[PDB]
**Q** 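Below you'll find the structure I mean.
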Amino acid sequence: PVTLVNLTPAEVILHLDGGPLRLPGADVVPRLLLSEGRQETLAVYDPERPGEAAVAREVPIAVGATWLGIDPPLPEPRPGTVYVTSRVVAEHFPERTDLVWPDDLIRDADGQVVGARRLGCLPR
Amino acid sequence: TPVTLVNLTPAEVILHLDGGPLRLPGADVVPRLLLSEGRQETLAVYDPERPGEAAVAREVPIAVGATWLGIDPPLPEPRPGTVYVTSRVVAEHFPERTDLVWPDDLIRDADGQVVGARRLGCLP
RNA sequence: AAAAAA
Ligand SMILES: [Mg+2]
Ligand SMILES: [Mg+2]
């Protein structure tokens, strides 16, 4: 058996047949490193006032912000440890066979992710 | 000319802008990715409540290498003056579509849950 | 794996 270590900032709950398995969120919020891309503004109608250009909002948009890396970097592989991260992180480290993501997600009444029915990992 | 933002994601999207927030209601129906089954296995994991005790280890389903097949529902057809808010993972799978954006530069609460975004992102 | 670290 392996120890699961949650690198994601939210609590991860795996809904298993005998009851849930709960992994606490990481102590520090991790981040992706992205380029700025081309910084523009998108004029959007205020959903409160549809079709009224007079009271349209200016929304910042990053056009083509690109993956530069992650901060912090992945922890080194440790015997008997499997790291729970995001799929997007795992896909950027395909050599790592100790990375999984929560998968087959469960959402609440507000459409927010609250759990997962399984883990996923890259082809091996 | 301003555009109408349409939220295709199941959660409420809040863009935290300088003049006040812009709120987009969640989609009425929870959309899903279509994935292959991959190789279905089980991962023996220590119960975080009882670390290192193999006796009370849990069995976690894992899908190894489940692959993108498509989406259900499909994207709405392009409409003049409409921009669709979706996930980055969906947008990246439809690079020809220049009317897709995702929420970006995310804000997380004390429990590590996404509660807002400071900008939009789109492909180069 | 549908809110660039579920
Ligand atoms: Mg809803
Ligand atoms: Mg996501």
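Chain identifiers are assigned alphabetically (A, B, ...) following the order of the sequence lines, protein sequences preceding nucleic acid strands; residue numbering begins at 1 within each chain.
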**Q** What's the NE2-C1' distance between B:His16 and C:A3, to the nearest Å?
**A** 12 Å
**Q** For the pair A:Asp98 and A:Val2, evaluate side chain to side chain contact (heavy atoms under 4.5 Å, CB included) and give the outcome as yes or no after the intermediate values.
**A** CA-CA 10 Å; A:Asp98 60 335; A:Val2 298; over 6 Å; no
**Q** On RNA chain C, compare the nucleotides closest to B:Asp104 and B:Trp68; which residue's is nearer the 5' end?
**A** B:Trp68
**Q** For the pair made of CG in A:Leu33 and P in C:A5, what is the distance, rounded to whole Å?
**A** 12 Å
**Q** Given atom CG of B:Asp72 and atom P of C:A2, what is their separation to the nearest angstrom?
**A** 13 Å
**Q** Can you identify which nucleotide, out of C:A4, C:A2, C:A3, has its nearest atom closest to the A:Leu34 side chain?
**A** C:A4
**Q** Measure from CZ on B:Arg118 to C1' on C:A3 and round the result to the nearest Å.
**A** 13 Å
**Q** Could you give the CG-to-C1' distance, from B:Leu5 to C:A3, as a whole number of Å?
**A** 13 Å
**Q** Ignoring the backbone of B:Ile71, work out which of C:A5, C:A2, C:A4 is nearest its side chain.
**A** C:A2
**Q** Need one value for A:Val114: base, sugar-phosphate or nothing, where a base atom within 4.0 Å counts as base even if backbone is also close, heavy atoms only.
**A** base
**Q** What residues in residues 37-46 of chain A put a non-hydrogen atom under 4.0 Å from any atom of RNA chain C?
**A** none
**Q** To the side chain of B:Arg32, which of C:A4, C:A2, C:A3 is closest?
**A** C:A2
**Q** Evaluate the ring planes of B:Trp68 and B:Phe94, with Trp represented by its six-membered ring, and classify them as parallel (under 30°), tilted (30 to 60°) or perpendicular (over 60°).
**A** perpendicular
**Q** Check whether any side-chain nitrogen or oxygen of B:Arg119 sits under 4.0 Å from OP1 or OP2 of C:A3, and answer yes or no.
**A** no
**Q** Counting side-chain heavy atoms from C-beta on, which of C:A3, C:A5, C:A2 comes nearest to B:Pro31?
**A** C:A2
**Q** Let's test your reading of the model: under 3.5 Å, does the base of C:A5 pair with the side chain of A:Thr85 as donor and acceptor?
**A** yes
**Q** Of the candidate nucleotides C:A5, C:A3, C:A2, which contains the atom at the shortest distance from the side chain of B:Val13?
**A** C:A3
**Q** Return no unless some side-chain N or O of A:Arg107 is found under 4.0 Å from OP1 or OP2 of C:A3.
**A** yes
**Q** Could you tell me how far apart B:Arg97 (CZ) and C:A2 (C1') are, to the nearest whole angstrom?
**A** 14 Å
